[PDB]
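K.L.:
Attaching a single structure in structure tokens format; questions to follow.
Protein chains: 2
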Amino acid sequence: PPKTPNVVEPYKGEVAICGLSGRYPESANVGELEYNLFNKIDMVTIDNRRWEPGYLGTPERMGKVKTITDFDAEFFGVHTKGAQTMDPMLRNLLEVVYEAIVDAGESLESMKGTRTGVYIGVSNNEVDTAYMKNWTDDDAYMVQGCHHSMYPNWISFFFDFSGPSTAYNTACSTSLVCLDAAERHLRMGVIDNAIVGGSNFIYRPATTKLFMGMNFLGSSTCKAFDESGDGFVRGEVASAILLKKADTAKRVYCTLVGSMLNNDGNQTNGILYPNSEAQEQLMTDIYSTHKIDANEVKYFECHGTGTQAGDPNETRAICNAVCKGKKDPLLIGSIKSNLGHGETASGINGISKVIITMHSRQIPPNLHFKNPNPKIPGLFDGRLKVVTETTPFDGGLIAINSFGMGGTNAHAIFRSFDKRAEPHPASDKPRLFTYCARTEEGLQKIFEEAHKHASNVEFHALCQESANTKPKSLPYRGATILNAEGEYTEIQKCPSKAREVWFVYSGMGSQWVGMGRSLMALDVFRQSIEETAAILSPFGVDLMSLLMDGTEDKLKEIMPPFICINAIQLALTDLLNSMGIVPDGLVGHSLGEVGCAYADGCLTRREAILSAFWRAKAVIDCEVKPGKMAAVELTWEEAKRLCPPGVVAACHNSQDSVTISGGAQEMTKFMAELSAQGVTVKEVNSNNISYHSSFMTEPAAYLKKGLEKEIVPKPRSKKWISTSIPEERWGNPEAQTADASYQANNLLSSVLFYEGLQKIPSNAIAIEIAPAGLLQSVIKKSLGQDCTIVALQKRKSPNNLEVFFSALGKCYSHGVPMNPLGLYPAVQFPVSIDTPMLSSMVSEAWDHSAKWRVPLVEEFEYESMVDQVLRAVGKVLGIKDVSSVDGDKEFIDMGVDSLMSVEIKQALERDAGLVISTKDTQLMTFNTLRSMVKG
Amino acid sequence: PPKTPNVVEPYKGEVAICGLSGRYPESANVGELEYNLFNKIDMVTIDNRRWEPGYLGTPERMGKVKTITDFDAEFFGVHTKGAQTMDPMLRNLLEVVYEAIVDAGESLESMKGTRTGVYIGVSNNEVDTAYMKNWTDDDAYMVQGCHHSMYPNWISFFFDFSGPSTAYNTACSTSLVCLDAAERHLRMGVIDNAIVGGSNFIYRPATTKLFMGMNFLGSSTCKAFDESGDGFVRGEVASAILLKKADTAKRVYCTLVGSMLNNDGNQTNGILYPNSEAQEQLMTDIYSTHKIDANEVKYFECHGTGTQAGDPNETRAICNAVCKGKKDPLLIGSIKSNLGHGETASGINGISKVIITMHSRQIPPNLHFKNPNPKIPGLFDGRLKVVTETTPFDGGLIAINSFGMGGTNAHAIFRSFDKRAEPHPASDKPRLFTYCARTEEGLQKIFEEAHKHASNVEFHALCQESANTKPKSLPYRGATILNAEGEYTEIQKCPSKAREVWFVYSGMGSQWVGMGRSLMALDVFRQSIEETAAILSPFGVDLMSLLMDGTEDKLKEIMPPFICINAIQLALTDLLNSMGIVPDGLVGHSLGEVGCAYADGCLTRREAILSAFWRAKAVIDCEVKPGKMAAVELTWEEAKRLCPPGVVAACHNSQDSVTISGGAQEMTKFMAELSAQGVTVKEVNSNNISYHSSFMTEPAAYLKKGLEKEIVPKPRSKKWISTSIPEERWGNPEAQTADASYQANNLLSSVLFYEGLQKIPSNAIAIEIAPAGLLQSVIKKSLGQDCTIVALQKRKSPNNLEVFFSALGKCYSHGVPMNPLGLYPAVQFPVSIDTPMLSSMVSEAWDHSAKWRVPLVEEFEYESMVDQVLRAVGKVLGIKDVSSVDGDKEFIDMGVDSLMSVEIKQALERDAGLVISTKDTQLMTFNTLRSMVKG
Ligand SMILES: CC(C)(COP(=O)(O)OP(=O)(O)OC[C@H]1O[C@@H](n2cnc3c(N)ncnc32)[C@H](O)[C@@H]1OP(=O)(O)O)[C@@H](O)C(=O)NCCC(=O)NCCSC(=O)CC(=O)O
Ligand SMILES: CC(C)(COP(=O)(O)OP(=O)(O)OC[C@H]1O[C@@H](n2cnc3c(N)ncnc32)[C@H](O)[C@@H]1OP(=O)(O)O)[C@@H](O)C(=O)NCCC(=O)NCCSC(=O)CC(=O)O
């Protein structure tokens, strides 16, 4: 019950900006914004997206995002009623925050429960005048979807953050005040991360008239640093960034040297007048507190509103504070000439441009700077130089200003991160890129981008850091092979419920020439084979020779097959363990029970390899009379009844396949008799040995004496399903350890494989670990129809590495977590600054089928009971089609909130006899409610 | 040009809340709130202040402030157009911020230019829809008066703060979020003060309907900790507080131990559900980081919303975090059962109640707690105990919570300030309380309150710290005598222009028995007399005896009169200097030239007293023939022409008063001749000595020889107007130092009093420093009609101390700064916690004649050229009556915010030939523009 206090201690390390995302005018994501900036593309257009070009006399040109009617409500657990009565700014900001989190190499599970603070800056409540003009019942949810205090809070609620979540409103410099607050809270010890951001969308056509009446707005696009500048043009943004401590960041765009804020005071030129002295003092203070040499600034992201009273004062302050001592012109610029003035999102726009500049390492061109302003002497003395074309920013410090209306100025400094990429051993060999998304098209675009960056391993690591999200959040799971000879790509929708992973190990018969030869490309496989060959060398076996240059005649013998099959199984187990696949169950077929022991932790590499060696040695050295085996189609009981003395049933493969083994003459007589009637009999290459029969009495004992001094007894976990001891005898002491006794019993007694395959669930993902998919048909027939089956190798395949990668991609697509990068040396974090951005992929990989309400200009001017209860409950939540939604998703995952729980309880009482408490309602699924109503 | 960087260094000292003010439901100020809380008065009433009791079905009862239609626009420099288009919340908050600043012992001049940050918390933006339903031109000013980012900024702009000014919106826990930001910024070193505050007024009934639709509101008043609680009732607050470093605070209500914030995260009970674990963890973290023993908390200001889901969880968290180890019940309470739920101003309500509990040292009662909630086990186990009646809180720590909707919790701890008052030497003697205000009634109420606290000197010091504000801000200047035998009270409206304080020193004839006897009550006067008597004792003069037990016969001699008059003049000069009155000019009548030198710094106490002693000794010892003097009504030229040899004109008193002096026989003949015709001749008691005549040739030389070895030569400042050397000879070397030559010349040559009184301005404030108002009539006639005249003493007065205090009160009322507390030992700051609050006085002392626009319910549903130019300019600003406003107040002082300057310039060009730049327009007065148009 007692709660451990948190260690709130001041932080003295570096603060790194890790992820960036946002919607910008004529740019659906950061990549489009970068492309438009670097191609001198003006993002301020004229159309009727918001209102007619001239409605109420407002300026025709504006900066508008592509769309604000799109949102993935189901992903964020917000119901239709709540989503409809929610600000489009909040929806776009939630999407952008998720995209930024993914961009920084973080995920939903990694950021859940962390001490992260949210510092959204928003100031536009026009969606409370349009939605209230015709207020009707069911619009109360606006309280939780439209209040400006709900912007960060929702981010805290969805991502499960537990840090200060506050909303700021500092006019046109709020985004940098949020950054300052995040720096203040990070350097004291309250939080380790920050979600500083900001959104601003234009809805009311009368606010532009308000801004025009004060002479704020100009005629044309913002003419930053231009003599003809007469105002700014409004813009829209939905941007967000993620800040983390530099020591724990997996990607570092840059470092936050420091940010500071100040005010102008009682100036005689009016409240809406910039104070050059205040800005100059703020700059001097920020550059002196951190001891930053102001002459080191390479680029200066100015607050270029384009007015005749703002640009001269800002330039004068910059010249007095940062150009004192500079021996070369200081490159100034702004993003307001490209996409206009974002109002409460100007600071976030400047931050985005600074990050783009320090990521692409090139300064975006500045538009509309034709004639220098005569009132800006710095442009004629050589102190200032507007960057009118792409300039190669190599490295250093970049300063950003944000002068909000009213005199509340803000400054910040960012230090570029110089960790240029170095080649990885990978990026030239095939790799398995696994990911997840909300839509098939989104995942296809993600795979296309991954192929575009097939030569980058840091990008693959950043993608993988968030590629293991649960199917509930990202139901579309997919996998593709980069740097592959043959194209491969799989995408499947995986239900919320997680299926169980079962490792199925094959026995004898998987031998062939070249087994595992291709898989030598992987370092881990070769290392495992070498560490097994070193073990087996002192016993007169050169595993490497038999595996690489071995021939069919060599594999005809008894030893090399056993040795090679065990080596392949152990190496594949090592590959899977390195890749991070934990098996929920383990089953094997005699000779694959040593591999099962190894994978279960009950045995070791030495123990397993030597157990197989001892088995083969005991079989060969003893003069066992020649025998034969074969898989007949007779049923288990039929085989047991029909087998005469001398021939018995070795293994119970499946429902209609049983292995008969016995002496050569009696076996041949059985073959003739069975072929006489209608029965399918298939002979198996057992090297003329009848395993699991009375003939194995003498070998088994020998094996025991062979392995008593080598196999240490260890416990057997319940995951590993025995296939040598009957189910009813699992509780006996002999079925507790995989000692020499267990090996002898397995080598002697029958193989009950059908029972072990029965114990498997009805939808388990069973992976056949073996040199070849020997028991594919047997396993598929035994399991059923709902069980996914994959083989890690294919016989005589031209390339087995691709087969292995495709098999594991199929396994991932069906919902098994794994780490494909575990087969290669780990990437050192933070990654190089050359790693592409992952935000664009997520931005274009959303589920946006539904269109939600947006403010309009016209609003600113003035039968089975079970199915019955199912439909009633679904309607209460707000789902038109109850059957459409998943049956394993809890109610809380949709957005059920207090009032809906009581309504559900009352509806159930009025409809059926159930009486359910409120708490249990939010954690019960549709399938569960159907089960209880049936009960 | 270079700017000195600020020393941004972390602060480790204490932070103290110094001021408090605000409007509360049914409470015009903090005093009314305290009275209502301590008398179990419910502040939630039912009436039609906002809307009908039941309009749209909203709850009838609400918490509403007295009025929101009142504002002193002229005081804050906001024009009529801006004030009309300004949120009433912002206006009330500006008034409350000024009241809080005054309460903490600060003033406008002291807080101007300081590094103070403003952290207003406001969420309500309902006045935007009402003002936009019928939008028309001239409403563009809402951008600078209605935007939420303009709430702190205006406070920064008016008070001239230069620190982070930000607006916060965290919902019901925004006030403690601003306190957290203020603590964060104060401790980093950016700021030295903070104006943390927040306002919330209800305007739209549809908002109440929206809240009701979410089940937020209940039926009756907030039943905090009551089993029948079912919701909260909306309230209104406009409170604000001032925080300062404890070392520089002049008043300390308490100390901010620390505040912290946290979030709830992804809770399964919905976003609008309190998280007990989150609140408990926040409490544990805050009490562990500061090492505060949670068992030391005496009172706990809980966030008692009164809901069935909020109170139980908050109480459980409090019990788990702060009641672990407590051996006595922990007294919990809330300010929501008294005045309801303030929404975005609940934390400020809690802070107000905490500062009231720790100021009055009594815990206010909690209302409506009839039956303990059965879900709160702490109330039955003895761990918790709601304070249902006034409880004597002695001292310790008080904790406040603020759980905002959405899950953003906040905690803060305050340590009481225990500095109980100790008696001052004053508080039983008469004192001069001087103050200023905006209205006569307000100043009368202020004086009534001061009389109520006549026994408190710390209260007087707190009032005096802000009693020297310029007449522009507070035109009504007043003064009253506390602890006075006779009631005195003066209140006058002083123009913006500052008048000159001229000292006038009288000469001979001010003698009388008991001169200065009453003024011995003042410590400084007695000390000065003692330090002069010690000087004059070695020369055979016992000043104390002549001044205390001296008789008429003693004063008939020559020495005692001169000695006593000089002693009184020097003691009054010391009294004035200690009080802090700097004279812009000094003039004196012969014998008052030594006092003028002393007050001007050209002489010392020793030098002046010995100069008078030497004058009297030279006059007496030499056998000067008997002479006589008298002030005739003749003019200067007439006296010069009509005087025969042997009788001359000594001093030019006024225009029609000249002093004739000469030998006894010739003087008597002159008396007979003048009385024969029509002329008024008044004889002056000069001890039968004819001063300023040829008879003084021998004495003067002696005086020179007497004073050559004593008086060191020092420069004479231009403030002192010589009345012994003609104007045309002021530049000569003799008129440079007050050496023995100057004394001899003054004692010999004539006195040019009238000429000295001509250099005095036409509206100067001349203070007659002397034992009696001898030259009252002469000076009044000489100066004119617009000059204020005051005498510090009255002859034969029953009490001179009261006369002196009344004289200085009259002087202050006309606009001369002074410090009446300089005559007593300085009060040690911070003051005792028993000092009453000054916020209430200022709150009820505003100029609220004009009524401004307020949101309405109906809006939520859908000829000389000089005078011509004067009227045009006044109309441009928005003044209906141009002549009404002061002619010496600059345009910037009335609210000009650019744009209007361009309009003024264009109007002047279109109306007259003037072409004035924009910058000069905001610093030019009406009288100045009239002068230029005339030119
Ligand atoms: C009957 C079987 C042998 C398989 O015969 P089938 O013809 O029906 O199988 P199938 O039709 O799917 O054949 C094609 C698939 O089998 C794979 N395959 C690999 N090697 C094969 C081989 N020698 N013969 C036939 N198929 C083989 C192919 O790669 C291909 O998979 P793909 O193309 O996808 O890659 C099986 O049921 C089985 O394993 N029975 C038990 C044998 C056994 O282990 N007994 C235990 C004692 S021997 C032992 O374990 C050692 C000891 O006891 O000491
Ligand atoms: C005529 C005056 C004396 C004042 O007579 P008036 O009666 O006309 O003035 P008034 O009616 O307006 O007010 C007179 C105020 O002074 C007081 N008062 C008047 N006559 C007084 C007297 N003989 N003795 C003591 N006090 C007297 C009154 O109580 C009253 O105090 P209240 O009004 O408070 O109730 C003055 O005008 C004057 O200065 N005369 C010339 C004195 C002079 O300058 N001598 C120069 C050198 S003598 C010198 O300095 C020494 C030296 O040369 O070494």
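From first to last, the protein sequence lines stand for chains A and B.
According to the deposited numbering, the residues represented by the first sequence are 16 to 877, 2206 to 2278, in order.
According to the deposited numbering, the residues represented by the second sequence are 16 to 877, 2206 to 2278, in order.
Heads up, the beta-carbon is just placed ideally off N, CA and C, and yes, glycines get one too.
#1: In terms of alpha-carbon separation, which member of B/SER254, B/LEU287, B/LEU297, B/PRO660 lies closest to B/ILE135?
#2: Rounded to the nearest angstrom, what separates B/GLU316 and B/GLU121 at their Cα positions?
#3: Is the segment 560 to 576 of chain B close to the segment 734 to 752 of chain B, with three or more CB pairs under 8 Å?
#4: For A/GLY522, collect the residues of the same chain with a Cβ closer than 6 Å to its Cβ; drop the 5 residues on either side in sequence, then sort them by chain order.
#5: Take A/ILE301 as the anchor and find which of A/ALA209, A/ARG202, A/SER234, A/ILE415 has the nearest alpha-carbon.
#6: The beta strand (DSSP E) spanning B/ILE782 covers which residue range?
#7: For ligand 2, I want to know if B/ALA633 counts as a neighbour, meaning its beta carbon is within less than 7 Å of at least one of the ligand's heavy atoms.
#8: Would DSSP call B/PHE518 helix, strand or coil?
#9: Looking only at its own chain, which residues have a Cβ that is under 6 Å from the Cβ of A/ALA785, when we skip the five neighbours before and after it?
#10: Would you mind giving the Cβ-Cβ distance between A/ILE544 and A/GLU622, rounded to the nearest angstrom? I have them listed as a contact below 8 Å.
#11: For B/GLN808, does the three-state DSSP call read helix, strand or coil?
#12: Using the three-state DSSP reduction, which class does A/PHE247 fall into: helix, strand or coil?
#13: By the three-class DSSP mapping on this structure, what secondary structure does B/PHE315 have?
#14: How would you label A/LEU722, buried or exposed, when you count the other beta carbons within 10 angstroms and need 16 or more for buried?
#15: Say whether the segment 483 to 500 of chain B touches the segment 527 to 547 of chain B, bearing in mind that this needs 3 or more beta-carbon pairs closer than 8 Å, one atom from each stretch.
#16: Is any non-hydrogen atom of ligand 1 found closer than 7 Å to the C-beta of A/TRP527, if you look at the structure I gave you?
#17: Taking a Cβ distance cut-off of 9 Å, strictly less, list which residues of the segment 194 to 228 of chain B are near chain A, in chain order.
#18: Mind reading off the beta-carbon distance from B/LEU345 to B/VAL402? Whole number of angstroms is fine, and I expect it under 8 Å.
#19: Identify the contact partners of A/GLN296 in chain B, using a Cβ-Cβ distance below 7 Å as the criterion.
#20: Apply the 10 Å Cβ neighbour rule to B/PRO179 and answer buried if 16 or more other Cβ atoms are within range, or exposed otherwise.
#21: Check whether the Cβ atoms of A/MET229 and A/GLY160 lie closer than 8 Å to each other.
#22: For a contact meaning CB atoms closer than 8 Å, what does B/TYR877 contact in chain A?
#23: Let me make sure I understand the geometry here. Which of A/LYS512, A/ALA441, A/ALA324 has the alpha-carbon closest to that of A/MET420?
#24: Rounded to the nearest angstrom, what separates B/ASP2231 and B/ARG2273 at their Cα positions?
#25: Cβ of A/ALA98 within 8 Å of Cβ of A/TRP867?
#26: Flag A/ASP175 as yes if its beta-carbon sits less than 8 Å from any beta-carbon of chain B, otherwise no.
#27: Going by beta-carbon coordinates alone, are B/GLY244 and B/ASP326 separated by less than 8 Å?
#28: If we count the other Cβ atoms within 10 Å of its Cβ and call it buried at 16 or more, is A/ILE675 buried or exposed?
#29: Pull out every residue of the segment 2257 to 2272 of chain B whose Cβ sits closer than 7 Å to any Cβ of chain A, in chain order.
P.N.:
Working from what's here:
#1: Start at 1 with the first residue of the second sequence, and residue 135 of chain B comes out as number 120. Measuring from the Cα of B/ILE135, the nearest candidate turns out to be B/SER254.
#2: The residue given as residue 316 of chain B occupies position 301 in the second sequence. The residue given as residue 121 of chain B occupies position 106 in the second sequence. Near 28 Å, if we compare the C-alpha coordinates of B/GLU121 and B/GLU316.
#3: no
#4: For this step, residue 522 of chain A is matched to residue 507 along the first sequence. Closer than 6 Å at the Cβ level, and outside the excluded window around A/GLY522, lie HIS604, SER605, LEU606, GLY607.
#5: As a working mapping, residue 301 of chain A is identified with position 286 in the first sequence. The candidate whose alpha carbon is nearest that of A/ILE301 is A/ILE415.
#6: Start at 1 with the first residue of the second sequence, and residue 782 of chain B comes out as number 767. 780 to 784 is the extent of the beta strand (DSSP E) around B/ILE782.
#7: Mapped onto the second sequence, residue 633 of chain B falls at position 618. No, the beta carbon of B/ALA633 sits no closer than 7 Å to any heavy atom of ligand 2.
#8: Taking the first residue of the second sequence as position 1, residue 518 of chain B is located at position 503. B/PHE518: strand per DSSP, three-state reduction.
#9: Within the first sequence, the letter at position 770 stands for residue 785 of chain A. These residues qualify, in order along the chain: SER521, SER525.
#10: Translated into the one-based positions of the first sequence, residue 544 of chain A becomes position 529. Translated into the one-based positions of the first sequence, residue 622 of chain A becomes position 607. A/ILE544 to A/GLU622, Cβ: 17 Å. No contact.
#11: Position 793 of the second sequence holds residue 808 of chain B. Three-state result, B/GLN808: coil.
#12: Position 232 of the first sequence, counting from 1, holds the residue named residue 247 of chain A. Looking at A/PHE247 - three-state DSSP - the assignment turns out to be strand.
#13: Along the second sequence, read from residue 1 onward, the residue named residue 315 of chain B stands at position 300. Three-state result, B/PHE315: strand.
#14: Counted from its first residue, the first sequence places residue 722 of chain A at position 707. Result: buried.
#15: no
#16: In the first sequence, residue 527 of chain A corresponds to position 512, counting from 1. Checking every heavy atom of ligand 1 against the Cβ of A/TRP527, one is found closer than 7 Å.
#17: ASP195, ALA196, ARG199, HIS200, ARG202, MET203, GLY204, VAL205, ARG219, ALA221, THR222, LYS224, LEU225, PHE226, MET227, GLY228
#18: By one-based count along the second sequence, residue 345 of chain B stands at place 330. By one-based count along the second sequence, residue 402 of chain B stands at place 387. Going by Cβ atoms, the distance from B/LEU345 to B/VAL402 rounds to 10 Å, so no, they are not a contact pair.
#19: By 1-based counting over the first sequence, the position of residue 296 of chain A is 281. Ordered by position in chain B, the residues that pass the 7 Å Cβ test against A/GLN296 are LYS18.
#20: The residue labelled residue 179 of chain B in the question sits at position 164 within the second sequence. It is buried - the Cβ of B/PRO179 has at least 16 other Cβ atoms within 10 Å.
#21: Here residue 229 of chain A corresponds to residue number 214 of the first sequence, with the count starting at 1. Here residue 160 of chain A corresponds to residue number 145 of the first sequence, with the count starting at 1. No, the pair does not count as a contact, with Cβ atoms beyond the cut-off.
#22: If you number the second sequence from 1, residue 877 of chain B lands on position 862. Within chain A, the residues near B/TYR877 are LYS148, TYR877.
#23: Here the question's residue 420 of chain A lines up with position 405 in the first sequence. Comparing Cα-Cα distances from A/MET420 to each of A/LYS512, A/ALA441, A/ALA324, the minimum goes to A/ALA324.
#24: Numbered from its first residue, the second sequence carries residue 2231 of chain B at position 888. Numbered from its first residue, the second sequence carries residue 2273 of chain B at position 930. Using only the alpha carbons, I get a separation of about 12 Å.
#25: If you number the first sequence from 1, residue 98 of chain A lands on position 83. If you number the first sequence from 1, residue 867 of chain A lands on position 852. Yes, Cβ-Cβ distance for A/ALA98 and A/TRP867 is below 8 Å.
#26: In the first sequence, counting from the first residue as 1, residue 175 of chain A sits at position 160. Interface residue, yes.
#27: Sequence index remark: in the second sequence, residue 244 of chain B carries index 229 (1-based). Sequence index remark: in the second sequence, residue 326 of chain B carries index 311 (1-based). In this structure, B/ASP326 lies closer than 8 Å to B/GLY244 by Cβ.
#28: Stepping through the first sequence from its first residue, residue 675 of chain A is reached at position 660. With 16 or more Cβ atoms within 10 Å of its Cβ, A/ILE675 is classed as buried.
#29: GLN2265, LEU2266
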